[PDB]
file run-v4.tsv (TSV, C-alpha atoms)
chain	number	residue	atom	x	y	z
A	1	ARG	CA	41.98	-7.66	-39.13
A	2	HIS	CA	38.16	-7.96	-38.84
A	3	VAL	CA	35.77	-5.06	-38.25
A	4	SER	CA	35.17	-4.45	-34.55
A	5	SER	CA	32.23	-2.87	-32.73
A	6	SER	CA	34.99	-1.08	-30.77
A	7	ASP	CA	36.26	0.64	-33.97
A	8	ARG	CA	35.87	4.40	-34.27
A	9	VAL	CA	33.12	5.30	-36.73
A	10	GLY	CA	34.72	7.72	-39.19
A	11	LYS	CA	33.33	9.26	-42.35
A	12	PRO	CA	31.23	6.99	-44.56
A	13	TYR	CA	32.95	6.07	-47.78
A	14	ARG	CA	31.31	7.95	-50.66
A	15	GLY	CA	28.77	9.63	-48.41
A	16	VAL	CA	26.59	6.53	-48.24
A	17	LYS	CA	24.06	7.34	-45.47
A	18	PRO	CA	24.15	5.21	-42.30
A	19	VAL	CA	21.52	2.89	-40.97
A	20	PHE	CA	21.72	5.24	-37.96
A	21	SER	CA	21.91	9.03	-38.43
B	1	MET	CA	4.47	-15.65	-21.55
B	2	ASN	CA	0.72	-15.88	-22.29
B	3	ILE	CA	0.40	-17.33	-25.78
B	4	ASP	CA	-2.48	-14.88	-26.24
B	5	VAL	CA	-0.53	-11.79	-25.15
B	6	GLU	CA	2.12	-12.92	-27.59
B	7	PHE	CA	-0.39	-13.45	-30.38
B	8	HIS	CA	-1.40	-9.84	-29.92
B	9	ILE	CA	2.15	-8.51	-29.85
B	10	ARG	CA	3.08	-10.51	-32.96
B	11	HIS	CA	0.16	-9.13	-34.96
B	12	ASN	CA	1.16	-5.64	-33.70
B	13	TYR	CA	-1.98	-4.73	-31.74
B	14	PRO	CA	-1.64	-1.40	-29.97
B	15	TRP	CA	-2.89	-1.39	-26.39
B	16	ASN	CA	-6.29	0.15	-27.12
B	17	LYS	CA	-7.12	-2.59	-29.64
B	18	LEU	CA	-6.49	-5.21	-27.00
B	19	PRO	CA	-9.23	-7.47	-25.62
B	20	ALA	CA	-9.90	-6.58	-21.99
B	21	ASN	CA	-9.28	-10.25	-21.10
B	22	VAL	CA	-5.77	-9.98	-22.57
B	23	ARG	CA	-5.61	-6.54	-20.98
B	24	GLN	CA	-6.55	-8.56	-17.86
B	25	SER	CA	-3.48	-10.81	-18.24
B	26	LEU	CA	-1.36	-7.64	-18.07
B	27	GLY	CA	-2.86	-6.38	-14.81
B	28	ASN	CA	-4.71	-3.84	-16.95
B	29	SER	CA	-1.39	-1.97	-17.11
B	30	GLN	CA	-0.37	-0.55	-20.47
B	31	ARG	CA	3.22	-0.14	-19.27
B	32	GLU	CA	3.29	-3.88	-18.61
B	33	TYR	CA	2.22	-4.47	-22.22
B	34	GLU	CA	5.02	-2.18	-23.34
B	35	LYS	CA	7.45	-4.15	-21.16
B	36	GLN	CA	6.31	-7.36	-22.79
B	37	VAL	CA	6.40	-5.70	-26.19
B	38	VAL	CA	10.10	-4.97	-25.89
B	39	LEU	CA	10.63	-8.41	-24.34
B	40	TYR	CA	8.84	-10.36	-27.07
B	41	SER	CA	10.51	-8.27	-29.78
B	42	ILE	CA	13.96	-8.77	-28.38
B	43	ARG	CA	13.35	-12.48	-27.90
B	44	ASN	CA	12.03	-12.87	-31.45
B	45	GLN	CA	14.66	-10.60	-33.01
B	46	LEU	CA	11.94	-8.46	-34.56
B	47	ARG	CA	12.85	-5.70	-36.96
B	48	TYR	CA	12.31	-2.43	-35.15
B	49	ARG	CA	10.59	-0.41	-37.88
B	50	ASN	CA	8.03	-3.01	-38.96
B	51	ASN	CA	6.76	-3.62	-35.44
B	52	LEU	CA	4.90	-2.47	-32.34
B	53	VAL	CA	8.23	-1.98	-30.50
B	54	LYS	CA	9.03	1.17	-32.50
B	55	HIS	CA	6.23	2.87	-30.51
B	56	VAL	CA	7.41	1.81	-27.05
B	57	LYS	CA	11.20	1.99	-27.29
B	58	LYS	CA	12.37	5.29	-28.72
B	59	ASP	CA	16.01	4.73	-29.68
B	60	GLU	CA	16.27	2.29	-32.62
B	61	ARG	CA	20.00	1.69	-32.25
B	62	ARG	CA	19.53	0.93	-28.56
B	63	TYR	CA	16.76	-1.49	-29.43
B	64	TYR	CA	19.19	-3.31	-31.68
B	65	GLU	CA	22.00	-3.34	-29.13
B	66	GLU	CA	19.63	-4.75	-26.53
B	67	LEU	CA	18.45	-7.19	-29.18
B	68	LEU	CA	21.97	-8.39	-29.91
B	69	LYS	CA	22.90	-8.55	-26.23
B	70	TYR	CA	19.91	-10.75	-25.47
B	71	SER	CA	20.61	-12.89	-28.48
B	72	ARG	CA	24.22	-13.38	-27.39
B	73	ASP	CA	23.32	-14.00	-23.72
B	74	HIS	CA	20.82	-16.70	-24.65
B	75	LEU	CA	23.28	-18.20	-27.14
B	76	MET	CA	20.91	-17.59	-29.98
B	77	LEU	CA	21.75	-17.69	-33.64
B	78	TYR	CA	22.90	-14.49	-35.28
B	79	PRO	CA	19.85	-12.54	-36.56
B	80	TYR	CA	20.73	-12.92	-40.22
B	81	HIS	CA	17.43	-11.31	-41.12
B	82	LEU	CA	18.77	-8.15	-39.48
B	83	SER	CA	22.23	-8.30	-41.04
B	84	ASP	CA	21.76	-4.88	-42.60
B	85	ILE	CA	21.17	-3.39	-39.17
B	86	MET	CA	23.72	-5.47	-37.30
B	87	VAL	CA	26.57	-5.10	-39.76
B	88	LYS	CA	25.87	-1.72	-41.32
B	89	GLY	CA	24.51	-0.25	-38.11
B	90	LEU	CA	26.11	-1.83	-35.05
B	91	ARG	CA	29.19	-2.95	-37.02
B	92	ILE	CA	28.80	-6.54	-35.75
B	93	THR	CA	29.11	-9.36	-38.26
B	94	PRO	CA	28.13	-13.01	-37.85
B	95	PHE	CA	31.77	-13.59	-37.05
B	96	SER	CA	31.93	-10.83	-34.44
B	97	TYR	CA	28.69	-12.01	-32.89
B	98	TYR	CA	29.79	-15.64	-32.48
B	99	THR	CA	33.17	-14.52	-31.23
B	100	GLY	CA	31.30	-12.91	-28.35
B	101	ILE	CA	29.34	-16.07	-27.65
B	102	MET	CA	32.54	-18.13	-27.73
B	103	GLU	CA	34.27	-15.70	-25.42
B	104	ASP	CA	31.32	-15.93	-23.05
B	105	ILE	CA	31.21	-19.66	-22.73
B	106	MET	CA	34.98	-20.08	-22.66
B	107	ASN	CA	35.77	-17.31	-20.18
B	108	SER	CA	33.02	-18.72	-17.97
B	109	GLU	CA	34.06	-22.37	-18.38
B	110	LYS	CA	30.78	-23.62	-19.79
B	111	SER	CA	30.47	-26.73	-21.92
B	112	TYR	CA	30.30	-26.61	-25.70
B	113	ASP	CA	27.27	-28.79	-25.06
B	114	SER	CA	25.48	-25.79	-23.58
B	115	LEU	CA	25.44	-24.25	-27.08
B	116	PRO	CA	22.20	-24.85	-28.98
B	117	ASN	CA	22.64	-26.94	-32.14
B	118	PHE	CA	22.37	-24.32	-34.87
B	119	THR	CA	24.41	-21.92	-32.76
B	120	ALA	CA	27.20	-24.48	-32.53
B	121	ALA	CA	26.89	-25.25	-36.24
B	122	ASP	CA	27.37	-21.54	-36.96
B	123	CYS	CA	30.33	-21.34	-34.59
B	124	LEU	CA	31.92	-24.21	-36.50
B	125	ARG	CA	31.10	-22.69	-39.81
B	126	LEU	CA	32.41	-19.19	-38.92
B	127	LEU	CA	35.10	-19.77	-36.27
B	128	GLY	CA	36.13	-23.26	-37.26
B	129	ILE	CA	35.25	-24.25	-33.68
B	130	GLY	CA	33.47	-27.55	-33.21
B	131	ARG	CA	33.24	-29.45	-29.94
B	132	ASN	CA	36.73	-30.88	-30.37
B	133	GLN	CA	38.44	-27.62	-31.30
B	134	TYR	CA	36.60	-26.16	-28.33
B	135	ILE	CA	37.89	-28.88	-26.01
B	136	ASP	CA	41.39	-28.11	-27.28
B	137	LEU	CA	41.10	-24.34	-26.86
B	138	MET	CA	39.56	-24.80	-23.42
B	139	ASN	CA	42.50	-26.90	-22.33
B	140	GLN	CA	45.00	-24.41	-23.68
B	141	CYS	CA	43.06	-21.87	-21.63
B	142	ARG	CA	43.36	-23.89	-18.41
B	143	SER	CA	46.93	-24.97	-19.20
B	144	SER	CA	48.10	-21.37	-19.60
B	145	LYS	CA	46.70	-20.54	-16.14
B	146	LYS	CA	49.93	-22.18	-14.98
B	147	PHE	CA	52.27	-20.04	-17.13
B	148	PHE	CA	53.23	-16.46	-16.39
B	149	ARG	CA	51.15	-15.16	-19.30
B	150	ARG	CA	47.61	-16.41	-18.71
B	151	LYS	CA	45.35	-16.63	-21.72
B	152	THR	CA	41.63	-16.05	-21.99
B	153	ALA	CA	39.35	-16.84	-24.92
B	154	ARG	CA	40.26	-13.66	-26.80
B	155	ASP	CA	43.87	-14.91	-26.81
B	156	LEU	CA	42.81	-18.24	-28.39
B	157	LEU	CA	39.89	-17.52	-30.70
B	158	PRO	CA	40.46	-16.82	-34.38
B	159	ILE	CA	40.74	-13.17	-35.37
B	160	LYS	CA	39.13	-13.63	-38.77
B	161	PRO	CA	36.42	-16.01	-39.98
B	162	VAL	CA	37.64	-19.32	-41.39
B	163	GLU	CA	36.81	-19.86	-45.04
B	164	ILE	CA	33.07	-20.23	-45.39
B	165	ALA	CA	31.19	-21.92	-48.21
B	166	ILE	CA	29.56	-19.23	-50.38
B	167	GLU	CA	27.07	-20.03	-53.12
B	168	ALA	CA	27.43	-18.01	-56.30
B	169	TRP	CA	23.77	-16.97	-55.97
B	170	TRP	CA	24.25	-15.52	-52.51
B	171	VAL	CA	23.96	-11.77	-52.58
B	172	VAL	CA	26.84	-9.55	-51.46
B	173	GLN	CA	25.95	-6.43	-49.49
B	174	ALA	CA	28.11	-3.46	-48.60
B	175	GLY	CA	28.81	-3.16	-44.91
B	176	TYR	CA	29.61	0.10	-43.20
B	177	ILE	CA	32.81	1.21	-44.90
B	178	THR	CA	34.94	4.07	-43.60
B	179	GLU	CA	37.83	5.75	-45.40
B	180	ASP	CA	40.36	4.25	-42.98
B	181	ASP	CA	38.65	0.93	-43.68
B	182	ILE	CA	39.26	1.16	-47.43
B	183	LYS	CA	42.76	2.48	-46.69
B	184	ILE	CA	43.38	-1.20	-45.91
B	185	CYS	CA	41.68	-2.44	-49.10
B	186	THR	CA	43.22	-3.77	-52.28
B	187	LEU	CA	42.15	-2.16	-55.55
B	188	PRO	CA	40.17	-5.21	-56.72
B	189	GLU	CA	38.50	-5.00	-53.29
B	190	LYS	CA	37.75	-1.31	-53.91
B	191	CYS	CA	36.50	-2.23	-57.37
B	192	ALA	CA	33.96	-4.56	-55.77
B	193	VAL	CA	32.87	-2.10	-53.07
B	194	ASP	CA	32.32	0.67	-55.61
B	195	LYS	CA	30.46	-1.79	-57.83
B	196	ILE	CA	28.16	-2.62	-54.90
B	197	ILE	CA	27.85	1.04	-53.92
B	198	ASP	CA	27.02	1.99	-57.53
B	199	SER	CA	25.06	-0.93	-58.93
B	200	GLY	CA	23.60	-1.96	-55.57
B	201	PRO	CA	23.70	-5.47	-54.12
B	202	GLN	CA	25.70	-7.93	-56.21
B	203	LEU	CA	25.26	-11.63	-56.84
B	204	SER	CA	28.37	-13.16	-55.43
B	205	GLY	CA	29.22	-15.03	-58.62
B	206	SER	CA	29.41	-11.65	-60.38
B	207	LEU	CA	32.43	-10.62	-58.31
B	208	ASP	CA	35.95	-11.95	-57.85
B	209	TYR	CA	35.82	-14.89	-55.48
B	210	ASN	CA	38.97	-13.90	-53.69
B	211	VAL	CA	37.76	-10.34	-53.24
B	212	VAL	CA	34.48	-11.71	-51.88
B	213	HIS	CA	36.24	-13.95	-49.41
B	214	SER	CA	38.62	-11.19	-48.40
B	215	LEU	CA	36.02	-8.46	-48.04
B	216	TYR	CA	34.01	-11.02	-46.09
B	217	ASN	CA	37.00	-11.69	-43.83
B	218	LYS	CA	37.46	-8.00	-43.23
B	219	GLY	CA	33.80	-7.75	-42.35
B	220	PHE	CA	33.31	-5.19	-45.10
B	221	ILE	CA	30.45	-7.11	-46.67
B	222	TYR	CA	27.70	-9.36	-45.39
B	223	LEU	CA	25.86	-12.11	-47.21
B	224	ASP	CA	22.17	-12.34	-47.96
B	225	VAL	CA	20.82	-15.78	-48.76
B	226	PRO	CA	17.68	-15.07	-50.81
B	227	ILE	CA	14.61	-17.17	-50.15
B	228	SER	CA	11.45	-16.28	-52.05
B	229	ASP	CA	7.94	-17.63	-51.86
B	230	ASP	CA	8.46	-19.57	-55.11
B	231	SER	CA	11.69	-21.01	-53.69
B	232	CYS	CA	11.80	-24.78	-53.44
B	233	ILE	CA	14.28	-26.30	-51.02
B	234	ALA	CA	15.58	-29.78	-50.29
B	235	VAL	CA	17.05	-31.16	-47.08
B	236	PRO	CA	19.65	-33.88	-46.68
B	237	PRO	CA	18.75	-35.36	-43.31
B	238	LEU	CA	21.79	-35.93	-41.04
B	239	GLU	CA	14.64	-22.19	-29.77
B	240	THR	CA	13.82	-25.85	-30.40
B	241	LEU	CA	11.42	-24.47	-33.02
B	242	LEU	CA	14.21	-24.13	-35.59
B	243	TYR	CA	15.34	-27.72	-35.05
B	244	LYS	CA	11.64	-28.56	-35.20
B	245	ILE	CA	10.77	-26.59	-38.35
B	246	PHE	CA	13.79	-28.30	-39.77
B	247	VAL	CA	13.02	-31.98	-39.24
B	248	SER	CA	9.40	-31.13	-40.11
B	249	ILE	CA	10.13	-30.26	-43.76
B	250	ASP	CA	11.16	-31.35	-47.28
B	251	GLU	CA	7.81	-32.27	-48.90
B	252	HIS	CA	9.17	-31.36	-52.40
B	253	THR	CA	7.29	-28.08	-52.26
B	254	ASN	CA	7.31	-24.28	-52.42
B	255	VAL	CA	8.40	-22.29	-49.37
B	256	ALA	CA	5.15	-20.33	-49.18
B	257	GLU	CA	3.26	-23.61	-49.57
B	258	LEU	CA	5.69	-24.89	-46.92
B	259	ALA	CA	4.63	-22.08	-44.60
B	260	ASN	CA	0.92	-22.77	-45.06
B	261	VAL	CA	1.21	-26.52	-44.44
B	262	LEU	CA	3.51	-25.84	-41.49
B	263	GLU	CA	0.93	-23.23	-40.34
B	264	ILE	CA	3.86	-21.03	-39.20
B	265	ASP	CA	4.03	-17.45	-40.46
B	266	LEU	CA	5.70	-17.17	-43.85
B	267	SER	CA	8.17	-14.34	-43.20
B	268	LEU	CA	9.46	-16.36	-40.28
B	269	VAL	CA	9.77	-19.43	-42.50
B	270	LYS	CA	11.60	-17.59	-45.31
B	271	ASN	CA	14.10	-16.40	-42.69
B	272	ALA	CA	14.51	-19.85	-41.20
B	273	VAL	CA	15.24	-21.65	-44.45
B	274	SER	CA	17.47	-18.82	-45.56
B	275	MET	CA	19.32	-19.71	-42.40
B	276	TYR	CA	19.23	-23.44	-43.16
B	277	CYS	CA	20.68	-22.86	-46.62
B	278	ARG	CA	23.35	-20.53	-45.30
B	279	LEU	CA	24.50	-23.15	-42.81
B	280	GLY	CA	24.32	-26.15	-45.11
B	281	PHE	CA	21.24	-27.76	-43.57
B	282	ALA	CA	19.04	-27.07	-46.59
B	283	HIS	CA	19.74	-26.85	-50.28
B	284	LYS	CA	17.98	-24.26	-52.40
B	285	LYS	CA	16.83	-26.09	-55.51
B	286	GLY	CA	16.65	-24.65	-59.03
B	287	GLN	CA	19.86	-22.70	-58.67
B	288	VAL	CA	21.53	-22.39	-62.02
B	289	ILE	CA	24.94	-20.84	-62.68
B	290	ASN	CA	25.10	-19.07	-66.03
B	291	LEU	CA	28.77	-19.48	-66.89
B	292	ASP	CA	28.69	-16.56	-69.28
B	293	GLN	CA	28.07	-14.33	-66.24
B	294	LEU	CA	30.08	-16.22	-63.66
B	295	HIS	CA	33.20	-14.25	-62.90
B	296	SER	CA	36.18	-16.37	-63.87
B	297	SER	CA	37.59	-16.80	-60.36
B	298	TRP	CA	34.64	-19.11	-59.60

call {"tool": "encode", "arguments": {"input": "run-v4.tsv", "output": "structure tokens"}}
result
Amino acid sequence: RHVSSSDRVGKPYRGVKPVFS
Amino acid sequence: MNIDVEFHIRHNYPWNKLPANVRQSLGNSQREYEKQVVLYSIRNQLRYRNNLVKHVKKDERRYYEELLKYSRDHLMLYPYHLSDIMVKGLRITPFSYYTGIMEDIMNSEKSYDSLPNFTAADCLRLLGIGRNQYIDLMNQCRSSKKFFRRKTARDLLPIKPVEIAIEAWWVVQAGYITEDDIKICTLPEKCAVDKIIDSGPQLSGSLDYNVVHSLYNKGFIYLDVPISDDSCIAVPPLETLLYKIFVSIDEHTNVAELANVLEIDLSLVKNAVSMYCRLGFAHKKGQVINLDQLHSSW
């Protein structure tokens, strides 16, 4: 499957900080 | 829009620095300037943090969603110059983006000929959908309106990007990766991600080709196509500005020197020829694979 904007945002792998908070 | 009002938005004039004759074109309303600031930014896919719009619109992520919505609605090209924000931030890849455009024109029975040229080129390159494939899918859509299980575009469109051409010198960037996301990864795929997370962005030649194409298919990476000021680019020949900057060039010259001659701003020209290279319309000269560093899968 491809990533989807509908996907639930979980934890970031290896604590890499988001573009958004 | 007034070319002059736009001039001032582009060069990031706050309201107070604005000529009262341009202030006159806005009914002397600041809030109308702000309205046209968001408008012009959205229309020109401006990066939020480098631009006047960060002062008007307060939520960055909402600025980008509105940006992408507008871009999709007007069938524009994916904002590859914002791929870090779109992919890492909104979790929307080139593929995802064009899927939405395809869904829009299919589910609303518009013609593939309503798609602008580069947009359609990018749909072909990412979805494998040219005019013919689109005619075929559209018919399948209308044909299945007779069968018990109707189909809409989502039913027909691909669910992963077709294989795309990838130059070895394209740069691989880590998307937004969750733990459940990796839970679907292979270990060579994890090897790549952790490489990118540790060493930073990675030349694509430096990685396993099949891991690059599979991460790319999962949407776990996005591709930067570097264009520098010293870059020289060649064009084989076969809004409208992009198709116009495109015909207008070759000149066996620098990109910065291409910007000057073209008298269009340079940052906007670096982005455009990055896009032309990515899509196969332009060919970045001087690229040189060092086979001692090229990962063997290439």

call {"tool": "residues_around", "arguments": {"input": "run-v4.tsv", "residues": "residue B:286", "least_positions_apart": "4", "cutoff": "10 Å", "atoms": "all atoms listed in the file", "output": "short mmCIF file (atom, residue, chain, number, x, y, z; two decimals) with C-alpha atoms, keeping the file's coordinate frame"}}
result
data_model
loop_
_atom_site.label_atom_id
_atom_site.label_comp_id
_atom_site.auth_asym_id
_atom_site.auth_seq_id
_atom_site.Cartn_x
_atom_site.Cartn_y
_atom_site.Cartn_z
CA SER B 231 11.69 -21.01 -53.69
CA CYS B 232 11.80 -24.78 -53.44
CA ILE B 233 14.28 -26.30 -51.02
#

call {"tool": "atom_distance", "arguments": {"input": "run-v4.tsv", "atom1": "atom CA of residue B:170", "atom2": "atom CA of residue B:77"}}
result
19.2 Å

call {"tool": "atom_distance", "arguments": {"input": "run-v4.tsv", "atom1": "atom CA of residue B:107", "atom2": "atom CA of residue B:152"}}
result
6.3 Å

call {"tool": "interface_residues", "arguments": {"input": "run-v4.tsv", "of": "chain A", "to": "chain B", "cutoff": "6 Å", "atoms": "only C-alpha atoms", "output": "list in words"}}
result
residues 2, 3, 5, 10, 11, 12, 13 and 19 of chain A

call {"tool": "atom_distance", "arguments": {"input": "run-v4.tsv", "atom1": "atom CA of residue B:41", "atom2": "atom CA of residue B:224"}}
result
22.0 Å

call {"tool": "residues_around", "arguments": {"input": "run-v4.tsv", "residues": "residue B:296", "least_positions_apart": "3", "cutoff": "12 Å", "atoms": "all atoms listed in the file", "output": "VMD selection string"}}
result
chain B and resid 168 204 to 210 290 to 293

call {"tool": "residues_around", "arguments": {"input": "run-v4.tsv", "residues": "stretch 112-122 of chain B", "least_positions_apart": "5", "cutoff": "12 Å", "atoms": "only C-alpha atoms", "output": "short mmCIF file (atom, residue, chain, number, x, y, z; two decimals) with C-alpha atoms, keeping the file's coordinate frame"}}
result
data_model
loop_
_atom_site.label_atom_id
_atom_site.label_comp_id
_atom_site.auth_asym_id
_atom_site.auth_seq_id
_atom_site.Cartn_x
_atom_site.Cartn_y
_atom_site.Cartn_z
CA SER B 71 20.61 -12.89 -28.48
CA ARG B 72 24.22 -13.38 -27.39
CA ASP B 73 23.32 -14.00 -23.72
CA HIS B 74 20.82 -16.70 -24.65
CA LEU B 75 23.28 -18.20 -27.14
CA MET B 76 20.91 -17.59 -29.98
CA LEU B 77 21.75 -17.69 -33.64
CA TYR B 78 22.90 -14.49 -35.28
CA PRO B 79 19.85 -12.54 -36.56
CA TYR B 80 20.73 -12.92 -40.22
CA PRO B 94 28.13 -13.01 -37.85
CA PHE B 95 31.77 -13.59 -37.05
CA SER B 96 31.93 -10.83 -34.44
CA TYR B 97 28.69 -12.01 -32.89
CA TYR B 98 29.79 -15.64 -32.48
CA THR B 99 33.17 -14.52 -31.23
CA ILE B 101 29.34 -16.07 -27.65
CA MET B 102 32.54 -18.13 -27.73
CA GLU B 103 34.27 -15.70 -25.42
CA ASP B 104 31.32 -15.93 -23.05
CA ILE B 105 31.21 -19.66 -22.73
CA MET B 106 34.98 -20.08 -22.66
CA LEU B 127 35.10 -19.77 -36.27
CA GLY B 128 36.13 -23.26 -37.26
CA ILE B 129 35.25 -24.25 -33.68
CA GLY B 130 33.47 -27.55 -33.21
CA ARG B 131 33.24 -29.45 -29.94
CA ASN B 132 36.73 -30.88 -30.37
CA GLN B 133 38.44 -27.62 -31.30
CA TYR B 134 36.60 -26.16 -28.33
CA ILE B 135 37.89 -28.88 -26.01
CA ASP B 136 41.39 -28.11 -27.28
CA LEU B 137 41.10 -24.34 -26.86
CA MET B 138 39.56 -24.80 -23.42
CA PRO B 161 36.42 -16.01 -39.98
CA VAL B 162 37.64 -19.32 -41.39
CA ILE B 164 33.07 -20.23 -45.39
CA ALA B 165 31.19 -21.92 -48.21
CA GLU B 239 14.64 -22.19 -29.77
CA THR B 240 13.82 -25.85 -30.40
CA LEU B 241 11.42 -24.47 -33.02
CA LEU B 242 14.21 -24.13 -35.59
CA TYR B 243 15.34 -27.72 -35.05
CA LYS B 244 11.64 -28.56 -35.20
CA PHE B 246 13.79 -28.30 -39.77
CA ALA B 272 14.51 -19.85 -41.20
CA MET B 275 19.32 -19.71 -42.40
CA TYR B 276 19.23 -23.44 -43.16
CA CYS B 277 20.68 -22.86 -46.62
CA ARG B 278 23.35 -20.53 -45.30
CA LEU B 279 24.50 -23.15 -42.81
CA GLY B 280 24.32 -26.15 -45.11
CA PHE B 281 21.24 -27.76 -43.57
#

call {"tool": "axis_aligned_box", "arguments": {"input": "run-v4.tsv", "around": "stretch 2-20 of chain A", "padding_each_side": "4 Å", "output": "JSON"}}
result
{"center_x": 29.8, "center_y": 0.8, "center_z": -40.7, "size_x": 24.6, "size_y": 25.6, "size_z": 27.9}

call {"tool": "residues_around", "arguments": {"input": "run-v4.tsv", "residues": "residue B:53", "least_positions_apart": "2", "cutoff": "9 Å", "atoms": "all atoms listed in the file", "output": "list in words"}}
result
residues 9, 12, 34, 37, 38, 41, 46, 47, 48, 49, 50, 51, 55, 56, 57, 58 and 63 of chain B
